[PDB]
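K.L.:
Data file run-v2.cif (mmCIF, C-alpha atoms) is appended below.
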```
data_coords
#
loop_
_atom_site.label_atom_id
_atom_site.label_comp_id
_atom_site.auth_asym_id
_atom_site.auth_seq_id
_atom_site.Cartn_x
_atom_site.Cartn_y
_atom_site.Cartn_z
CA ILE O 1 0.00 0.00 0.00
CA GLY O 2 1.40 3.33 -1.18
CA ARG O 3 0.12 6.77 -2.08
CA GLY O 4 -3.31 6.97 -3.67
CA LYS O 5 -5.88 9.60 -4.57
CA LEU O 6 -9.38 9.27 -3.11
CA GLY O 7 -10.91 12.59 -4.18
CA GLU O 8 -10.27 15.91 -5.85
CA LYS O 9 -11.96 19.31 -5.76
CA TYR O 10 -11.10 22.88 -6.73
CA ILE O 11 -11.16 25.89 -4.42
CA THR O 12 -11.18 29.67 -4.62
CA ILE O 13 -8.50 32.12 -3.49
CA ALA O 14 -10.55 33.20 -0.46
CA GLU O 15 -10.70 29.64 0.89
CA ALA O 16 -6.93 29.30 0.63
CA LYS O 17 -6.69 32.65 2.40
CA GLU O 18 -8.81 31.64 5.38
CA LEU O 19 -7.21 28.19 5.60
CA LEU O 20 -3.68 29.62 5.59
CA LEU O 21 -4.67 32.16 8.25
CA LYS O 22 -6.01 29.25 10.30
CA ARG O 23 -2.60 27.61 9.86
CA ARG O 24 -0.94 30.90 10.82
CA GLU O 25 -2.98 31.27 14.01
CA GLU O 26 -2.29 27.64 14.96
CA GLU O 27 1.46 28.09 14.56
CA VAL O 28 1.48 31.49 16.29
CA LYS O 29 -0.34 29.95 19.26
CA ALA O 30 2.27 27.17 19.10
CA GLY O 31 4.94 29.88 19.38
CA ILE O 32 6.61 29.36 15.99
CA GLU O 33 8.58 32.41 14.84
CA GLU O 34 7.58 31.90 11.18
CA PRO O 35 4.08 30.37 11.20
CA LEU O 36 4.21 29.38 7.52
CA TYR O 37 7.33 28.51 5.56
CA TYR O 38 8.64 30.86 2.91
CA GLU O 39 6.76 29.40 -0.07
CA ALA O 40 3.60 29.19 2.03
CA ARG O 41 3.76 32.87 2.98
CA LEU O 42 4.46 33.87 -0.63
CA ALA O 43 1.32 31.94 -1.57
CA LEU O 44 -0.53 33.70 1.24
CA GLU O 45 0.60 37.10 -0.07
CA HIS O 46 -0.61 36.19 -3.56
CA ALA O 47 -3.92 34.99 -2.10
CA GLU O 48 -4.46 38.21 -0.14
CA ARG O 49 -3.59 40.20 -3.26
CA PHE O 50 -6.71 38.92 -5.07
CA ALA O 51 -9.20 37.75 -2.41
CA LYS O 52 -11.90 40.15 -3.56
CA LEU O 53 -14.92 38.19 -2.32
CA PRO O 54 -15.39 37.13 1.33
CA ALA O 55 -14.90 33.41 1.84
CA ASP O 56 -18.45 32.36 2.76
CA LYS O 57 -19.99 34.59 0.10
CA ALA O 58 -17.38 33.14 -2.28
CA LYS O 59 -18.78 29.68 -1.51
CA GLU O 60 -22.28 30.98 -2.18
CA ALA O 61 -21.14 32.47 -5.50
CA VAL O 62 -19.51 29.19 -6.57
CA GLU O 63 -22.61 27.20 -5.60
CA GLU O 64 -24.84 29.63 -7.50
CA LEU O 65 -22.61 29.34 -10.57
CA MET O 66 -22.87 25.55 -10.24
CA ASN O 67 -26.67 25.76 -10.00
CA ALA O 68 -27.00 28.08 -13.01
CA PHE O 69 -25.22 26.01 -15.68
CA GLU O 70 -24.19 22.40 -16.28
CA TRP O 71 -21.48 22.75 -18.94
CA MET O 72 -19.02 24.39 -16.51
CA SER O 73 -16.83 22.51 -14.04
CA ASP O 74 -15.80 23.32 -10.48
CA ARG O 75 -12.45 24.77 -11.54
CA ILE O 76 -14.23 27.03 -14.05
CA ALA O 77 -16.42 28.54 -11.33
CA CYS O 78 -13.41 28.81 -9.01
CA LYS O 79 -11.33 30.77 -11.52
CA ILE O 80 -14.35 32.90 -12.49
CA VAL O 81 -14.81 33.87 -8.83
CA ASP O 82 -11.06 34.51 -8.58
CA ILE O 83 -11.01 36.74 -11.68
CA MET O 84 -14.17 38.78 -11.02
CA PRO O 85 -14.93 39.54 -14.70
CA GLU O 86 -16.95 42.64 -15.50
CA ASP O 87 -17.78 42.29 -19.21
CA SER O 88 -17.64 39.94 -22.19
CA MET O 89 -13.94 40.47 -22.92
CA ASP O 90 -12.67 39.07 -19.60
CA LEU O 91 -14.82 35.93 -19.77
CA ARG O 92 -13.95 35.46 -23.45
CA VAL O 93 -10.28 35.47 -22.44
CA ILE O 94 -11.04 33.10 -19.54
CA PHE O 95 -12.72 30.60 -21.88
CA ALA O 96 -10.39 31.37 -24.81
CA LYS O 97 -8.31 28.22 -24.28
CA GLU O 98 -11.31 26.32 -22.89
CA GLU O 99 -13.01 23.96 -25.32
CA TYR O 100 -16.43 25.57 -24.72
CA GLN O 101 -17.58 29.13 -25.44
CA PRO O 102 -20.92 30.17 -23.89
CA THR O 103 -23.48 32.54 -25.33
CA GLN O 104 -23.05 36.19 -24.40
CA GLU O 105 -26.42 35.97 -22.64
CA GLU O 106 -24.93 33.39 -20.27
CA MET O 107 -22.07 35.87 -19.91
CA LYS O 108 -24.55 38.51 -18.73
CA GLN O 109 -25.95 35.89 -16.35
CA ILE O 110 -22.46 35.24 -14.95
CA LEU O 111 -22.00 38.97 -14.39
CA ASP O 112 -25.38 39.11 -12.64
CA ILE O 113 -24.46 36.23 -10.33
CA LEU O 114 -21.20 38.05 -9.59
CA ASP O 115 -23.21 41.17 -8.75
CA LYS O 116 -25.39 39.30 -6.25
CA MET Y 1 -4.36 27.24 -8.92
CA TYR Y 2 -5.38 26.11 -5.45
CA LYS Y 3 -7.30 22.87 -4.89
CA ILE Y 4 -8.04 20.32 -2.16
CA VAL Y 5 -7.00 16.70 -2.71
CA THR Y 6 -7.93 13.73 -0.52
CA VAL Y 7 -5.02 11.28 -0.44
CA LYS Y 8 -4.66 7.79 1.02
CA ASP Y 9 -1.16 7.12 2.31
CA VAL Y 10 0.86 5.03 4.77
CA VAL Y 11 2.48 6.91 7.67
CA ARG Y 12 5.60 5.66 9.45
CA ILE Y 13 5.05 6.88 13.02
CA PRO Y 14 8.25 6.60 15.10
CA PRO Y 15 8.17 5.18 18.65
CA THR Y 16 9.03 8.57 20.17
CA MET Y 17 5.53 9.89 19.40
CA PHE Y 18 3.62 6.81 20.59
CA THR Y 19 2.34 8.87 23.53
CA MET Y 20 0.22 11.29 21.50
CA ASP Y 21 -2.86 10.19 19.59
CA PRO Y 22 -2.41 8.74 16.08
CA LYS Y 23 -4.16 11.66 14.35
CA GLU Y 24 -1.76 14.38 15.51
CA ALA Y 25 1.29 12.16 14.97
CA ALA Y 26 0.21 11.37 11.41
CA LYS Y 27 -0.46 15.07 10.84
CA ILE Y 28 3.06 15.95 11.99
CA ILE Y 29 4.73 13.21 9.94
CA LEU Y 30 2.87 14.38 6.84
CA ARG Y 31 3.93 17.98 7.56
CA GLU Y 32 7.58 16.89 7.61
CA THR Y 33 7.26 14.58 4.61
CA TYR Y 34 4.97 16.22 2.01
CA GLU Y 35 4.66 19.89 3.00
CA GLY Y 36 6.97 22.27 1.18
CA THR Y 37 7.69 20.00 -1.80
CA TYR Y 38 6.86 19.96 -5.50
CA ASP Y 39 4.93 17.05 -7.03
CA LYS Y 40 5.03 16.35 -10.76
CA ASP Y 41 1.28 15.72 -11.16
CA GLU Y 42 -0.51 17.91 -8.58
CA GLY Y 43 1.70 20.99 -8.15
CA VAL Y 44 3.11 22.34 -4.88
CA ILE Y 45 2.16 20.73 -1.56
CA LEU Y 46 1.22 23.76 0.55
CA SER Y 47 -0.47 22.57 3.76
CA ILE Y 48 -1.86 19.34 5.17
CA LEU Y 49 -5.42 20.14 6.24
CA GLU Y 50 -6.65 17.26 8.41
CA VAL Y 51 -6.81 13.47 8.65
CA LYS Y 52 -10.21 11.78 8.58
CA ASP Y 53 -9.51 8.07 9.16
CA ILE Y 54 -6.32 6.46 10.47
CA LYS Y 55 -5.95 2.69 10.54
CA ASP Y 56 -4.35 0.43 13.15
CA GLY Y 57 -0.58 0.23 13.04
CA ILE Y 58 1.33 -2.58 11.35
CA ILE Y 59 4.68 -3.64 12.80
CA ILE Y 60 7.11 -4.69 10.07
CA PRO Y 61 10.48 -6.30 10.91
CA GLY Y 62 13.57 -4.11 10.99
CA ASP Y 63 12.41 -0.78 12.43
CA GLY Y 64 9.71 -1.28 15.07
CA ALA Y 65 7.87 1.91 14.15
CA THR Y 66 4.16 1.60 13.43
CA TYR Y 67 2.85 1.99 9.88
CA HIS Y 68 -0.72 3.27 9.51
CA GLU Y 69 -3.03 3.62 6.54
CA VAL Y 70 -4.25 7.21 6.59
CA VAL Y 71 -6.68 9.44 4.71
CA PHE Y 72 -5.96 13.17 4.62
CA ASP Y 73 -6.65 16.35 2.66
CA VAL Y 74 -3.73 18.32 1.22
CA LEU Y 75 -4.05 21.91 0.02
CA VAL Y 76 -2.10 21.80 -3.25
CA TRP Y 77 -1.58 24.49 -5.89
CA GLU Y 78 -1.40 23.21 -9.47
CA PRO Y 79 -0.20 25.31 -12.42
CA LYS Y 80 -1.95 24.46 -15.68
CA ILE Y 81 -0.59 25.16 -19.15
CA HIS Y 82 -2.54 27.57 -21.40
CA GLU Y 83 -4.58 29.19 -18.61
CA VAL Y 84 -5.10 32.72 -17.25
CA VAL Y 85 -3.02 34.29 -14.47
CA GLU Y 86 -3.59 37.24 -12.15
CA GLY Y 87 -0.50 38.53 -10.36
CA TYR Y 88 1.92 41.35 -9.71
CA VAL Y 89 5.48 41.69 -11.00
CA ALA Y 90 7.89 40.85 -8.18
CA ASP Y 91 10.97 41.85 -10.20
CA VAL Y 92 12.21 42.32 -13.76
CA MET Y 93 15.32 41.22 -15.65
CA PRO Y 94 16.72 41.93 -19.13
CA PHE Y 95 15.78 38.42 -20.30
CA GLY Y 96 12.30 38.39 -18.76
CA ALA Y 97 9.93 39.65 -16.10
CA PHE Y 98 9.02 37.78 -12.91
CA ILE Y 99 5.26 37.53 -12.29
CA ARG Y 100 3.90 36.35 -8.94
CA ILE Y 101 1.34 33.61 -9.64
CA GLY Y 102 1.09 32.09 -6.16
CA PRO Y 103 3.54 29.90 -4.25
CA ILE Y 104 5.97 30.17 -7.19
CA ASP Y 105 7.00 32.95 -9.57
CA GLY Y 106 6.45 32.97 -13.32
CA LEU Y 107 8.65 34.41 -16.06
CA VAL Y 108 7.40 36.63 -18.89
CA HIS Y 109 9.89 36.90 -21.74
CA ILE Y 110 10.66 40.32 -23.21
CA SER Y 111 9.75 38.91 -26.64
CA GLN Y 112 6.30 38.18 -25.15
CA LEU Y 113 5.90 41.45 -23.22
CA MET Y 114 4.52 43.53 -26.10
CA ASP Y 115 3.85 43.34 -29.80
CA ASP Y 116 5.73 46.64 -29.85
CA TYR Y 117 9.49 46.54 -29.39
CA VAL Y 118 10.62 46.89 -25.77
CA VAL Y 119 13.84 48.17 -24.20
CA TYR Y 120 15.11 47.55 -20.67
CA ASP Y 121 15.54 51.03 -19.20
CA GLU Y 122 18.28 50.92 -16.56
CA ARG Y 123 17.38 54.29 -14.98
CA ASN Y 124 14.80 52.52 -12.80
CA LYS Y 125 15.56 48.97 -14.03
CA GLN Y 126 12.19 48.83 -15.78
CA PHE Y 127 10.68 48.00 -19.16
CA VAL Y 128 9.24 50.58 -21.56
CA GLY Y 129 7.52 50.24 -24.91
CA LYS Y 130 9.15 52.00 -27.85
CA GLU Y 131 6.04 53.59 -29.38
CA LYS Y 132 3.18 52.78 -26.99
CA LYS Y 133 4.88 54.72 -24.13
CA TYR Y 134 3.78 51.94 -21.78
CA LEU Y 135 6.04 50.73 -18.98
CA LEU Y 136 6.40 47.95 -16.42
CA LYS Y 137 7.89 48.56 -12.98
CA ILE Y 138 8.24 46.43 -9.85
CA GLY Y 139 4.90 46.38 -8.07
CA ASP Y 140 2.75 46.73 -11.19
CA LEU Y 141 -0.37 44.56 -11.32
CA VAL Y 142 -0.76 42.74 -14.64
CA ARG Y 143 -2.79 39.95 -16.24
CA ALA Y 144 -1.03 37.31 -18.34
CA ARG Y 145 -1.44 33.81 -19.78
CA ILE Y 146 0.62 30.82 -18.65
CA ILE Y 147 2.13 29.02 -21.64
CA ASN Y 148 4.94 26.72 -20.39
CA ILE Y 149 5.56 24.75 -17.20
CA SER Y 150 8.81 22.94 -16.37
CA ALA Y 151 9.38 20.68 -13.34
CA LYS Y 152 12.92 19.52 -12.54
CA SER Y 153 12.77 18.30 -8.93
CA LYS Y 154 10.67 18.34 -5.75
CA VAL Y 155 12.26 21.66 -4.76
CA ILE Y 156 9.83 24.45 -5.66
CA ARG Y 157 12.69 26.92 -6.17
CA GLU Y 158 14.33 25.04 -9.04
CA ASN Y 159 11.20 24.50 -11.15
CA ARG Y 160 10.40 27.43 -13.44
CA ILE Y 161 7.27 28.73 -15.16
CA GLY Y 162 6.98 30.90 -18.27
CA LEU Y 163 4.04 33.07 -19.29
CA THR Y 164 2.91 35.09 -22.30
CA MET Y 165 1.70 38.69 -22.25
CA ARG Y 166 1.12 39.99 -25.82
CA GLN Y 167 -2.01 37.98 -26.62
CA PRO Y 168 -5.36 39.82 -26.71
CA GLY Y 169 -7.18 40.22 -23.43
CA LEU Y 170 -3.93 40.42 -21.46
CA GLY Y 171 -1.82 43.32 -20.25
CA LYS Y 172 -1.73 45.93 -17.54
CA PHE Y 173 -5.25 46.77 -16.39
CA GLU Y 174 -4.85 50.30 -17.75
CA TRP Y 175 -3.94 48.86 -21.16
CA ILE Y 176 -6.94 46.52 -20.89
CA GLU Y 177 -9.15 49.55 -20.24
CA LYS Y 178 -7.64 51.34 -23.25
CA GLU Y 179 -8.32 48.29 -25.43
CA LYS Y 180 -11.90 48.27 -24.14
CA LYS Y 181 -12.17 51.94 -25.11
CA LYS Y 182 -10.95 51.06 -28.61
CA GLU Y 183 -13.49 48.23 -28.82
CA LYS Y 184 -16.27 50.64 -27.81
CA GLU Y 185 -15.08 53.19 -30.37
CA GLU Y 186 -15.07 50.62 -33.18
CA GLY Y 187 -18.51 49.41 -32.10
CA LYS Y 188 -19.88 52.97 -32.11
CA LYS Y 189 -18.50 53.89 -35.54
CA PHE A 1 -5.55 -16.94 23.39
CA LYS A 2 -2.24 -18.80 23.75
CA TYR A 3 0.82 -17.35 22.04
CA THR A 4 3.10 -19.68 20.12
CA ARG A 5 6.87 -19.59 20.57
CA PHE A 6 7.34 -17.56 17.39
CA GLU A 7 4.58 -15.07 18.20
CA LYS A 8 6.07 -14.55 21.67
CA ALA A 9 9.54 -14.06 20.19
CA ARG A 10 8.30 -11.55 17.61
CA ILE A 11 6.29 -9.60 20.19
CA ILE A 12 9.20 -9.42 22.64
CA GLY A 13 11.64 -8.45 19.89
CA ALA A 14 9.40 -5.69 18.54
CA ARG A 15 8.77 -4.36 22.04
CA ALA A 16 12.49 -4.33 22.86
CA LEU A 17 13.25 -2.59 19.56
CA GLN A 18 10.62 0.05 20.32
CA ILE A 19 11.98 0.55 23.85
CA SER A 20 15.51 1.00 22.49
CA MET A 21 14.24 3.93 20.37
CA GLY A 22 12.60 5.86 23.20
CA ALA A 23 9.21 4.19 23.56
CA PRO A 24 8.39 4.58 27.28
CA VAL A 25 8.42 1.44 29.41
CA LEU A 26 4.91 0.42 30.43
CA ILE A 27 6.06 -0.82 33.87
CA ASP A 28 8.73 -0.11 36.45
CA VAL A 29 12.09 -1.77 35.81
CA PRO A 30 15.28 -2.06 37.88
CA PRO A 31 18.08 0.31 36.86
CA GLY A 32 20.72 -1.12 34.56
CA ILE A 33 18.26 -3.48 32.86
CA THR A 34 18.93 -4.04 29.17
CA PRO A 35 16.05 -3.22 26.78
CA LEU A 36 15.53 -6.90 25.97
CA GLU A 37 15.17 -7.71 29.66
CA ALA A 38 12.73 -4.80 29.99
CA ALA A 39 10.64 -6.22 27.14
CA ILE A 40 10.73 -9.68 28.72
CA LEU A 41 9.60 -8.21 32.04
CA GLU A 42 6.78 -6.42 30.20
CA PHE A 43 5.67 -9.68 28.58
CA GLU A 44 5.88 -11.67 31.83
CA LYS A 45 3.78 -9.07 33.64
CA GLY A 46 1.23 -9.26 30.82
CA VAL A 47 1.02 -5.65 29.63
CA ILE A 48 1.45 -6.33 25.91
CA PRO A 49 0.35 -3.57 23.52
CA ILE A 50 1.31 -5.52 20.39
CA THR A 51 -1.40 -7.83 19.04
CA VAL A 52 -0.77 -10.66 16.57
CA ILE A 53 -3.21 -11.14 13.68
CA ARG A 54 -4.09 -14.58 12.36
CA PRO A 55 -5.66 -15.68 9.03
#
```
Now, as a test, write the supplied structure out as structure tokens.
P.N.:
Amino acid sequence: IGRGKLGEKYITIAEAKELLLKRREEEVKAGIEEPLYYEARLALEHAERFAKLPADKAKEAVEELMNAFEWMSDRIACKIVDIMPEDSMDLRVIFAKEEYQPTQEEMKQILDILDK
Amino acid sequence: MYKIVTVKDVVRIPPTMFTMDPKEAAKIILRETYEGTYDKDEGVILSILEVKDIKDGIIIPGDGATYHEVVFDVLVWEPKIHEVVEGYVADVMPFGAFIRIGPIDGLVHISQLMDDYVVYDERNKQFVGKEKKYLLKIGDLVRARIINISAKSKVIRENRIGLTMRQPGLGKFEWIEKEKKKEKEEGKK
Amino acid sequence: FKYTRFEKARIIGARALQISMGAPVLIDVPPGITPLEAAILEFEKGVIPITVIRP
């Protein structure tokens, strides 16, 4: 018996934020001088650079984007919530290398879900 | 980009930590073993989250330490080729620009910075377009596209990542706004 | 449950090996006792954490 993968799911930047701050508080309470190692704190800086949406509301946004459409995957909703697109150009670039291109009406719907 | 992976694994728990409960000991051993390393297929192991189920130990001849089947979630960040990237420029160099994409830094070649010709101004050690009068300086926030990923070893430092910047829909947010203005102008004419 | 000779030998050897690497002794032992003698004392007392599995 060796390493094996049992599951896999994609997450937003805000979740990584709150999880790494949980790690930080645990290590600070433990008394560690550097709560997260150097790569971990660089990742935390990047996460706090673009954590636009609060974590719980980020979950609600991802679940709403899941409920709205069926052609998109979990990673698609995660990166959409990370990007925060405002018009057709940003989402066109997001899906530019993706195999699927949605109708601009669904693009308006994505912007609406972002607004709520 | 960040993701959560549930992994089954066998943990060698040394006799010195037999006092504490198996969950915390397995957590610690996984912190020492996986955390802070690069994996070829899932990215960079960032933080072990928690362990759900830990099995009873198996004593194998030779060492005397217990081996346990474990199930745990690892927060791992995976770069994907031909995707979108949001980040700020940590530093710039004459051969390319360093773009912060998360746990690791990406490289944007000067040949991919602009369709216009670029020159590395040494007055502030910054880039500047020849005719567009655009510039890149340390601390600028830019949007780019990842195009190449290379993984040498489990050390995150050694592995390098290269991005592209000229392609439409990318650039400094001010340049993106200017391109949007041009799109509106051509739609209004 | 009656241990065989080989099961007893494996249990005592594993326990002594664990004790030699800092696993705390589950009983009180006289000073100067070698780890193997400590494991044998543990087995004779009856406090045996290691369990053998059979098909």
K.L.:
Within 8 Å of chain Y, which residues of chain O show up? Give each one with its shortest atom-to-atom distance in Å (one decimal) and the two atoms involved, counting all atoms listed in the file, rows by chain then rising residue number, as JSON lines.
P.N.:
```
{"residue": "O:1", "atom": "CA", "partner": "Y:10", "partner_atom": "CA", "distance": 7.0}
{"residue": "O:2", "atom": "CA", "partner": "Y:9", "partner_atom": "CA", "distance": 5.8}
{"residue": "O:3", "atom": "CA", "partner": "Y:9", "partner_atom": "CA", "distance": 4.6}
{"residue": "O:4", "atom": "CA", "partner": "Y:8", "partner_atom": "CA", "distance": 4.9}
{"residue": "O:5", "atom": "CA", "partner": "Y:7", "partner_atom": "CA", "distance": 4.5}
{"residue": "O:6", "atom": "CA", "partner": "Y:6", "partner_atom": "CA", "distance": 5.4}
{"residue": "O:7", "atom": "CA", "partner": "Y:6", "partner_atom": "CA", "distance": 4.9}
{"residue": "O:8", "atom": "CA", "partner": "Y:5", "partner_atom": "CA", "distance": 4.6}
{"residue": "O:9", "atom": "CA", "partner": "Y:4", "partner_atom": "CA", "distance": 5.4}
{"residue": "O:10", "atom": "CA", "partner": "Y:3", "partner_atom": "CA", "distance": 4.2}
{"residue": "O:11", "atom": "CA", "partner": "Y:3", "partner_atom": "CA", "distance": 4.9}
{"residue": "O:12", "atom": "CA", "partner": "Y:2", "partner_atom": "CA", "distance": 6.9}
{"residue": "O:13", "atom": "CA", "partner": "Y:2", "partner_atom": "CA", "distance": 7.0}
{"residue": "O:16", "atom": "CA", "partner": "Y:2", "partner_atom": "CA", "distance": 7.0}
{"residue": "O:20", "atom": "CA", "partner": "Y:47", "partner_atom": "CA", "distance": 8.0}
{"residue": "O:37", "atom": "CA", "partner": "Y:36", "partner_atom": "CA", "distance": 7.6}
{"residue": "O:39", "atom": "CA", "partner": "Y:103", "partner_atom": "CA", "distance": 5.3}
{"residue": "O:40", "atom": "CA", "partner": "Y:46", "partner_atom": "CA", "distance": 6.1}
{"residue": "O:41", "atom": "CA", "partner": "Y:103", "partner_atom": "CA", "distance": 7.8}
{"residue": "O:42", "atom": "CA", "partner": "Y:103", "partner_atom": "CA", "distance": 5.5}
{"residue": "O:43", "atom": "CA", "partner": "Y:103", "partner_atom": "CA", "distance": 4.0}
{"residue": "O:44", "atom": "CA", "partner": "Y:102", "partner_atom": "CA", "distance": 7.7}
{"residue": "O:45", "atom": "CA", "partner": "Y:102", "partner_atom": "CA", "distance": 7.9}
{"residue": "O:46", "atom": "CA", "partner": "Y:102", "partner_atom": "CA", "distance": 5.1}
{"residue": "O:47", "atom": "CA", "partner": "Y:102", "partner_atom": "CA", "distance": 7.1}
{"residue": "O:49", "atom": "CA", "partner": "Y:87", "partner_atom": "CA", "distance": 7.9}
{"residue": "O:50", "atom": "CA", "partner": "Y:86", "partner_atom": "CA", "distance": 7.9}
{"residue": "O:83", "atom": "CA", "partner": "Y:86", "partner_atom": "CA", "distance": 7.5}
{"residue": "O:89", "atom": "CA", "partner": "Y:169", "partner_atom": "CA", "distance": 6.8}
{"residue": "O:90", "atom": "CA", "partner": "Y:169", "partner_atom": "CA", "distance": 6.8}
{"residue": "O:93", "atom": "CA", "partner": "Y:169", "partner_atom": "CA", "distance": 5.8}
{"residue": "O:94", "atom": "CA", "partner": "Y:84", "partner_atom": "CA", "distance": 6.4}
{"residue": "O:97", "atom": "CA", "partner": "Y:82", "partner_atom": "CA", "distance": 6.5}
```
K.L.:
Should the cut-off be 6 Å, what would the residue list for chain A against chain Y look like, counting all atoms listed in the file, as a PDB file with C-alpha atoms, in the frame of the given file?
P.N.:
```
ATOM      1  CA  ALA A  14       9.400  -5.690  18.540  1.00  0.00           C
ATOM      2  CA  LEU A  17      13.250  -2.590  19.560  1.00  0.00           C
ATOM      3  CA  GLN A  18      10.620   0.050  20.320  1.00  0.00           C
ATOM      4  CA  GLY A  22      12.600   5.860  23.200  1.00  0.00           C
ATOM      5  CA  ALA A  23       9.210   4.190  23.560  1.00  0.00           C
TER       6      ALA A  23
END
```
K.L.:
Counting all atoms listed in the file, note down every residue that has an atom within 9 Å of the point (-1.5, 47.8, -12.9) (file coordinates), as number ranges by chain.
P.N.:
Y: 88, 136, 139-143, 171-175
K.L.:
Would you list the contacts of residue 37 (chain A) as a PyMOL selection string, taking every protein, DNA or RNA residue within 12 Å and counting only C-alpha atoms, but skipping same-chain residues closer than 3 positions in sequence?
P.N.:
chain A and resi 12-13+15-17+19-20+25+29-34+40-44
K.L.:
Taking 6 positions as the minimum chain separation for residues in the same chain, which residues sit within 12 Å of residue 46 (chain A) when counting all atoms listed in the file? Answer as a list in words.
P.N.:
residues 3, 8, 11, 12, 26, 27, 39 and 40 of chain A
K.L.:
Limited to C-alpha atoms, could you put the picked residues into a file as a short mmCIF file (atom, residue, chain, number, x, y, z; two decimals), in the coordinates of the input?
P.N.:
```cif
data_model
loop_
_atom_site.label_atom_id
_atom_site.label_comp_id
_atom_site.auth_asym_id
_atom_site.auth_seq_id
_atom_site.Cartn_x
_atom_site.Cartn_y
_atom_site.Cartn_z
CA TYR A 3 0.82 -17.35 22.04
CA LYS A 8 6.07 -14.55 21.67
CA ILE A 11 6.29 -9.60 20.19
CA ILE A 12 9.20 -9.42 22.64
CA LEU A 26 4.91 0.42 30.43
CA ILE A 27 6.06 -0.82 33.87
CA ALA A 39 10.64 -6.22 27.14
CA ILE A 40 10.73 -9.68 28.72
#
```
K.L.:
Measure the distance from CA of residue 54 (chain Y) to CA of residue 27 (chain Y) in Å and round it to one decimal.
P.N.:
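Straight-line distance from CA of residue 54 (chain Y) to CA of residue 27 (chain Y) works out to 10.4 Å.
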K.L.:
What does the structure give for the distance between CA of residue 94 (chain Y) and CA of residue 160 (chain Y), in Å to one decimal?
P.N.:
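Here the two named atoms are 16.8 Å from each other.
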K.L.:
Enumerate, as a ChimeraX atom specification, the residues matched when the PyMOL selection byres ((chain O and resi 62) around 12) is run on the file above.
P.N.:
/O:10-15,53-61,63-69,72-82,84,110,113-114,116
K.L.:
State, in Å with one decimal place, the distance from CA of residue 147 (chain Y) to CA of residue 112 (chain Y).
P.N.:
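Atom-to-atom, CA of residue 147 (chain Y) to CA of residue 112 (chain Y), that is 10.7 Å.
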K.L.:
Using the chain letters and numbers from the file, give me the residues hit by the PyMOL selection byres ((chain A and resi 54) around 12), as a PyMOL selection string.
P.N.:
chain A and resi 1+3-4+7+51-53+55
K.L.:
For the provided coordinates, the residues matched by the PyMOL selection byres ((chain Y and resi 117) around 8) should be stated as a ChimeraX atom specification.
P.N.:
/Y:114-116,118-119,129-131
K.L.:
Excluding residue 154 (chain Y) and residues on its chain fewer than 5 positions from it, collect all residues at most 8 Å away from it, counting only C-alpha atoms, and give them as a list in words.
P.N.:
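In the requested form, the answer reads residues 37, 38, 39 and 40 of chain Y.
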K.L.:
For region 18-26 of chain O, where the input has fewer atoms than it should, I would like N, CA, C and O atoms rebuilt and written as a short mmCIF file (atom, residue, chain, number, x, y, z; two decimals), in the frame of the given file.
P.N.:
```
data_model
loop_
_atom_site.label_atom_id
_atom_site.label_comp_id
_atom_site.auth_asym_id
_atom_site.auth_seq_id
_atom_site.Cartn_x
_atom_site.Cartn_y
_atom_site.Cartn_z
N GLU O 18 -8.35 31.89 4.02
CA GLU O 18 -8.81 31.64 5.38
C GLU O 18 -8.15 30.39 5.96
O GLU O 18 -7.85 30.34 7.16
N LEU O 19 -7.88 29.39 5.12
CA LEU O 19 -7.21 28.19 5.60
C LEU O 19 -5.77 28.47 6.01
O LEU O 19 -5.30 27.98 7.04
N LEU O 20 -5.05 29.28 5.22
CA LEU O 20 -3.68 29.62 5.59
C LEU O 20 -3.62 30.53 6.81
O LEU O 20 -2.67 30.44 7.59
N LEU O 21 -4.62 31.40 7.00
CA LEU O 21 -4.67 32.16 8.25
C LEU O 21 -5.00 31.27 9.44
O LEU O 21 -4.53 31.52 10.55
N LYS O 22 -5.82 30.23 9.24
CA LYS O 22 -6.01 29.25 10.30
C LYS O 22 -4.70 28.57 10.66
O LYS O 22 -4.37 28.40 11.84
N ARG O 23 -3.93 28.18 9.64
CA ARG O 23 -2.60 27.61 9.86
C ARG O 23 -1.71 28.59 10.61
O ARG O 23 -0.97 28.22 11.53
N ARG O 24 -1.75 29.86 10.20
CA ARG O 24 -0.94 30.90 10.82
C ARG O 24 -1.28 31.07 12.29
O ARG O 24 -0.39 31.19 13.14
N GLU O 25 -2.58 31.11 12.61
CA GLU O 25 -2.98 31.27 14.01
C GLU O 25 -2.59 30.04 14.83
O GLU O 25 -2.16 30.18 15.98
N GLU O 26 -2.71 28.85 14.24
CA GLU O 26 -2.29 27.64 14.96
C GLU O 26 -0.81 27.70 15.29
O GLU O 26 -0.41 27.45 16.44
#
```
